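One chain comes next, on its own, written out as structure tokens in the form deposited in one PDB entry.
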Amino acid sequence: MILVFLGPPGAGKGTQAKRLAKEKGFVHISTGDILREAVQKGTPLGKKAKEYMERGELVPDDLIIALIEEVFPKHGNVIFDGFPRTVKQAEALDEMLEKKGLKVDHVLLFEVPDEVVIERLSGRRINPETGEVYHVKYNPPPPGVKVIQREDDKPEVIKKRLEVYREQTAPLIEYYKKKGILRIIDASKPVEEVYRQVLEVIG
């Protein structure tokens, strides 16, 4: 089974993907996590990607397409989490999968309003060593766990990221709808309820 998780930043895509991957044995491919590792390592990809990420812009498509070609799991279940982010990326994914006799089985759209997104992102904190994600209100880290706020989770960058999502990423809703594989999630609900909805789709 191949899944794509699609929706605004802060919808809870990563949170749900990590849980589904561990509980059911999917390989979790998060372009954001992979990009952050590249930036930390100072690879050619990381060095180039860094300034786009800092500004809240998308990293250029060709970089992302190459990355996915490089890390694509050839067998087994996969969750693409925050990829594709543009129509060109989605077209490239379809072509990759078709060469392998595969297809995207379900695209889960995590629907959530802007006000909720902004609260989710503003309160997001991460363990920079493990990538584990917390929220100051809805899931605070326990004692002993050092967290930071992502620089792109500051107010002005959130604003930019939501604009970018609406312009470049939201068209994927229609792209996948017209393949007949889109499934809608209410990602504004609490974390357990969102997970129930995810399970309902894949079952």
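For clarity, a rigid core is taken as the largest C-alpha set superposing within 1.5 Å between two forms. When you see a residue number, it is the position in the sequence shown, counting from 1.
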| property | result |
| --- | --- |
| Residue stretch of maximal mean CA temperature factor, 142 to 150 vs 62 to 70 | 142 to 150 |
| Stretch with the higher entry mean CA B-factor, where the candidates are 83 to 91 and 115 to 123 | 115 to 123 |
| Selection by C-alpha B-factor (highest) of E156, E57, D33, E174 | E156 |
| Chain-relative CA temperature factor third for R19 | middle |
| Third of chain Cα B-factors occupied by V107 | lowest |
| Cα B factor band for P190 (lowest, middle or highest third within the chain) | lowest |
| Cα B factor band for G25 (lowest, middle or highest third within the chain) | highest |
| Where the record places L6 (Cα B-factor, split into thirds across the chain) | lowest |
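Only in words, not in the display: the form deposited in another entry, which the text now covers.
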{"item": "Threshold 2 Å Cα movement between the shown form and the other one for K103, core superposed", "value": "no"}
{"item": "Per-residue C-alpha change between the shown form and the other one, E174, threshold 2 Å, rigid core fit", "value": "no"}
{"item": "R125 C-alpha shift between the shown form and the other one of 2 Å or more, rigid core reference", "value": "yes"}
{"item": "In the other entry, shift in Cα separation for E132 relative to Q197, 3 Å or more", "value": "farther"}
{"item": "Shift in CA distance, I148 and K22, in the other entry relative to the form shown here, given it is 3 Å or more", "value": "farther"}
